[PDB]
2 protein chains.
Amino acid sequence: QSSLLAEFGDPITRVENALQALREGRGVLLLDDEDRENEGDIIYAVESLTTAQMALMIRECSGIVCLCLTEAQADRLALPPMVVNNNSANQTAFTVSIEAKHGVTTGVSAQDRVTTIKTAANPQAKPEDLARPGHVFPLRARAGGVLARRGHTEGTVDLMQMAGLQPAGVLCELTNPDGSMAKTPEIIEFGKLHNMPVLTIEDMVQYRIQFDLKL
Amino acid sequence: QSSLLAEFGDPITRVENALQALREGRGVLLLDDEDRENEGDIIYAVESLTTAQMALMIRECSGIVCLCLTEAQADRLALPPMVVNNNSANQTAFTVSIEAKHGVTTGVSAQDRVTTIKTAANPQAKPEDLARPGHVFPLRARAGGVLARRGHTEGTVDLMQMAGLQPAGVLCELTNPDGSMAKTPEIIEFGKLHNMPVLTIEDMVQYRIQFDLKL
Ligand SMILES: O=C[C@H](O)[C@H](O)[C@H](O)COP(=O)(O)O
Ligand SMILES: O=C[C@H](O)[C@H](O)[C@H](O)COP(=O)(O)O
Ligand SMILES: [Mn+2]
Ligand SMILES: [Mn+2]
């Protein structure tokens, strides 16, 4: 995999290019550990999220689009874990699903999802702004980010913080047309086609440690 | 809309053609009331569900694929509503999300979703067969079906019962490439292209009433 990602640059470059894409309002592709999910997620910053970016995720990914939030923001929204005794294989920190209370119809159109996501990520948001259940799936990122938990959830929020953006992002798993999940060759090819930088959680952990970067 | 669906036949024909497609292992497209969601869902029977059918749903629909279950089956799986005080606009009966405990990896590939759905729909299933949370979204159909509640959830289960199939089906909302939801002209066109019959919940209610059909 190492050599596959070489063309995107050394790990530090890979991280710096992803941060700059995010600052520019573009998306990135994040791979977790080969020994974990070995999946690539499209990641976008909520701040600059557009309907066309949401539509791309829905067309090209699993369609189960997740909103990665700080613990603080999730608590502000009064979003408890979806299940108390999470026995999923990674303990993915799904809250109950959400829908904007206002400004949406059925909730599932690209525009409606963006409306819900922006409503939820608003630092001035209140619980009553969101109906439950709905068609956006919030995830609670662990305090400490990828240095505490090597999930895409933490990678997403960490990327936003490292980039100086509002600490909220969306993710969704890149899927091949035939329904199988994209593996690294397909992710790199998709990244070239859509001018999206590629990086790994390992890249982020290396980077954060070496630049004594608490967030 | 009336006249749009004329080419698929009168309401009774529309229902009988959908039932026969399902018996053949093919999918159908179901529209709810114009005054409700005004959306079309791809519906497949769980009995004959294939990975390629799941992949089609993911590519062409919202990707939030739902497993419509009887109340009895949902209780057998120990699936409580995702939220106790559901304040979503239709009261969609989302349970907590599920993942097959065995035979899957990350859960989101077309194959993994089918594995989870078949595990859940198995009449001999037990709660321990499913991790929670996951990437399949079960819905509880109301007793009485579309004669008690005019949702796609009830339409799906009612279609399976009326067709003589195991009373479980999957649904997902047809989405246009640009992210907006398909409306009836696009649904009819998609149905022609994929040789899928189209019908409405109104068609089903008419049909059930006229053929004093309890299920
Ligand atoms: O629906 C979200 C899926 O669980 C993905 O695995 C998502 O990337 C978040 O999972 P994690 O933070 O554990 O990598
Ligand atoms: O995720 C599922 C969506 O809520 C759809 O609306 C689905 O078709 C089920 O909703 P209902 O039974 O209320 O039509
Ligand atoms: Mn992941
Ligand atoms: Mn519906």
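In the text below, chain A, chain B and the rest are named by the order of the sequence lines, each starting its count at 1. Side chains are part of it too, since the values below use all heavy atoms of this structure and drop only hydrogens, waters and symmetry mates. Every number for a ligand or one of its atoms is a count from 1 in the order of the listing.
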>> Could you report the tightest heavy-atom contact between B/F8 and B/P197, atom names first, then the distance?
In response: CE2-CA, 4.1 Å
> Closest to the Mn ion (ligand 3), which N/O/S atom of A/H152 is it?
Replying inline: ND1
> When you measure from atom 5 (C) of ligand 1 to every protein heavy atom, which one gives the shortest distance, and what is it?
Replying inline: A/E173 OE2, 3.3 Å
> Which ligand 1 atoms does A/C66 reach within 4.0 Å, using its non-hydrogen atoms?
Replying inline: 1 (O), 2 (C)
> Any heavy atom of A/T92 sitting closer than 4.0 Å to ligand 1?
Replying inline: yes
>> With nothing but distance in play, are any N or O atoms of A/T153 less than 3.5 Å from an N or O of ligand 1?
In response: yes
> Does ligand 1 have an atom under 4.0 Å from some heavy atom of A/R149?
Replying inline: yes
>> Would you say the Mn ion (ligand 4) has B/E173 as a near neighbour, meaning an N/O/S atom of that residue under 2.8 Å away?
In response: no
> How far apart are the closest heavy atoms of A/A120 and A/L77, and which atoms are they?
Replying inline: O-CD1, 3.5 Å
> Do NZ/NE/NH1/NH2 and the carboxylate oxygens of B/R149 and B/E154 come within less than 4.0 Å?
Replying inline: yes
> Counting heavy atoms only, which part of B/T106 comes closer than 4.0 Å to ligand 1: side chain, backbone, both or neither?
Replying inline: neither
> Which protein heavy atom lies closest to atom 7 (C) of ligand 1, and at what distance to 0.1 Å?
Replying inline: A/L171 CD1, 3.7 Å
> Would you call A/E71 and A/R140 a salt bridge, taking side-chain N to carboxylate O under 4.0 Å as the test?
Replying inline: yes
> So does B/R59 pair up with A/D178, basic N to acidic O under 4.0 Å?
Replying inline: no
> Side chain, backbone, both or neither: which part of A/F137 comes within less than 4.0 Å of ligand 1 when only heavy atoms are counted?
Replying inline: neither
>> Any salt bridge linking A/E202 with A/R150? Criterion: basic side-chain nitrogen under 4.0 Å from a carboxylate oxygen.
In response: yes
> Can you tell which part of A/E39 has a heavy atom less than 4.0 Å from ligand 1: side chain, backbone, both or neither?
Replying inline: neither
> Are any N, O or S atoms from A/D41 nearer to the Mn ion (ligand 3) than 2.8 Å?
Replying inline: no
> Without hydrogens or angle criteria, can the side chains of A/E37 and B/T106 be said to hold a donor-acceptor pair below 3.5 Å?
Replying inline: no
>> Whether the A/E24 and A/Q20 side chains hold a donor-acceptor pair (N or O, under 3.5 Å, no angle test) is what I'd like checked.
In response: yes
> What's the shortest heavy-atom distance between A/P133 and B/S88, and which atoms?
Replying inline: O-CB, 3.5 Å
>> Please give me the minimum heavy-atom distance between A/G144 and A/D158, naming the atom from each residue.
In response: O-OD2, 4.3 Å
>> Show me which atoms of ligand 1 lie under 4.0 Å from any heavy atom of A/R36.
In response: 11 (P), 13 (O), 14 (O)
>> So that I can tick it off, tell me whether B/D129 and B/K101 are bridged by a salt bridge, with the cut-off set at under 4.0 angstrom between side-chain N and carboxylate O.
In response: no
>> What protein heavy atom lies closest to atom 1 (O) of ligand 1? Include the residue and the distance to one decimal.
In response: B/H135 NE2, 2.9 Å
> Among A/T50, A/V65, A/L56, A/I117, whose side chain to side chain contact (heavy atoms under 4.5 Å, CB included) with A/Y44 holds?
Replying inline: A/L56
> Looking only at heavy atoms, is any part of A/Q91 under 4.0 Å from ligand 1, and if so is it the side chain, the backbone, or both, or is it neither?
Replying inline: neither
> What are the atoms of ligand 1, with element, lying closer than 4.0 Å to any heavy atom of A/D41?
Replying inline: 7 (C), 8 (O)
> Looking only at distance, does A/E37 have an N or O less than 3.5 Å from an N or O of ligand 1?
Replying inline: yes
>> To make sure I understand the geometry: which N, O or S atom in A/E37 is closest to the Mn ion (ligand 3)?
In response: OE1
> Less than 3.5 Å between some nitrogen or oxygen of A/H152 and one of ligand 1, yes or no?
Replying inline: yes
